[PDB]
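Single chain ahead, written as structure tokens, the form deposited in one PDB entry.
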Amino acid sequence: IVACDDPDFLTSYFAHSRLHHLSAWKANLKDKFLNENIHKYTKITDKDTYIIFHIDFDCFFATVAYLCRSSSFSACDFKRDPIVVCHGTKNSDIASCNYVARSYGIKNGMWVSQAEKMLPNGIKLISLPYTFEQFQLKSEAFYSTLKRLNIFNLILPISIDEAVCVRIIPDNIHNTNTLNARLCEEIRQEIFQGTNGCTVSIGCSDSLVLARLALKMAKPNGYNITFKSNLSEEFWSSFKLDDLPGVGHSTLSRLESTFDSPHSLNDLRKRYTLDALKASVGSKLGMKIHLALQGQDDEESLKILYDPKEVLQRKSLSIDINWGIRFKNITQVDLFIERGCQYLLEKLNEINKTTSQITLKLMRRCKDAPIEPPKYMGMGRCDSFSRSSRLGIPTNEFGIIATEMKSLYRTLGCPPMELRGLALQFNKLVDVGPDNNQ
């Protein structure tokens, strides 16, 4: 039990937080891409022709947590039991669940107590603990396999368990689906072997957006090849609106309110007009969804193909702690800001950078919300407040940054006992080169 006023809190929270791990793993994968390719341009151009293989472990955490589960939990079958990965017993997030559990309607992000109610009396919910180190070792095997194949002009990391692999098809060369299905089946089999029993699915197409939908269609433990030329009403009628990239819960609600609750991408595409779409969800997102409904990528999503090094370059750096924040006085808040600043500066120094703009953001208990929320140590219902500050010259100096961060906190007027969450952000970073003279 490490409390937020304990010097070890940040270490212990990050050690347990799957969302921290996902974000740290992604950041390390992007920096490794930059280093591996530091002397390899490997350029893709608008005139070039390519195929995308979008590869993703099926229920990654649940599959690995099961394969490596301790003897305390020997009594469960992956193919017949509803398995979830989570920390606790009641208001604890399901990090991952297996397709059996999903068959009952259970979803990642659900609380355990909610997913228990969805099980007909008789079947038992099996909760496995996280196995963070093994998640990363299986991932290592995965990215190693992908590299060893020497069949992709570009291997873009998406997350610990997900990558977008680009193969250039030269104008002279003739591609067949015979070749694609075999590349698909090789990848799936090598990864199954290299990871001791983990399965991936694969979407294969000639746009990023379609490969993504093809991969959704292929799950679980399969692969799907759907090119622009293969599009059909049958295909579109198989997807929900929030299967589209960029359509999260708020965009879904606006789409359902605007276009009379479509229930498939076929409904949406038979009903929309571009302008009504941009009116409902925004101009750029509107155009993106419009092009997506043709199977086509937008300008922003193509940039990762044309200049992946610019895209994967880190432009800001931050920490967010919105769980376990219970402080009594301004002294302990200041100490915590200081610990956060030191952590962020250690990271900033590891990447040889300075920052010229910082932000403090906080979560303050809603005036009518309970002091202790439903979730143990949760932030509960909160109001967000944020303030930023431009520095004089770029810096990595703790005295400048931590003092300004503590000043920013004071300007937001949040009593320490009402504090439920803090983010510390370095919004602009500057390169440190060999010449640091004035």
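Only residues modelled in both forms are compared. Sequential numbering from 1, following the sequence displayed. In this text, rigid core is short for the largest set of C-alphas that superpose within 1.5 Å between two forms.
Another form, the form deposited in another entry, is not on view; read the next lines as being about it.
S.K.: So which one of 300, 171, 185, 310 actually moves, Cα shift of 2 Å or more between the shown form and the other one once the core is superposed?
M.R.: After core superposition, the single residue displaced by 2 Å or more is 171.
S.K.: Knowing the shift is 3 Å or more, I'd like to know if the C-alpha atoms of residue 223 and residue 172 are closer or farther apart in that other deposited form than in the shown chain.
M.R.: Closer together, which means the C-alphas of residue 223 and residue 172 are at least 3 Å nearer in that other deposited form.
S.K.: Do the C-alpha atoms of residue 173 and residue 40 sit closer or farther apart in that other deposited form than they do here, given a shift of 3 Å or more?
M.R.: The answer is farther, because the C-alphas of residue 173 and residue 40 separate from each other in that other deposited form by 3 Å or more.
S.K.: Residues present in both forms only, core superposed, 2 Å C-alpha shift required: which runs of three or more differ between the shown form and the other one?
M.R.: Shifted run of three or more residues, which all move 2 Å or more: only 170-178.
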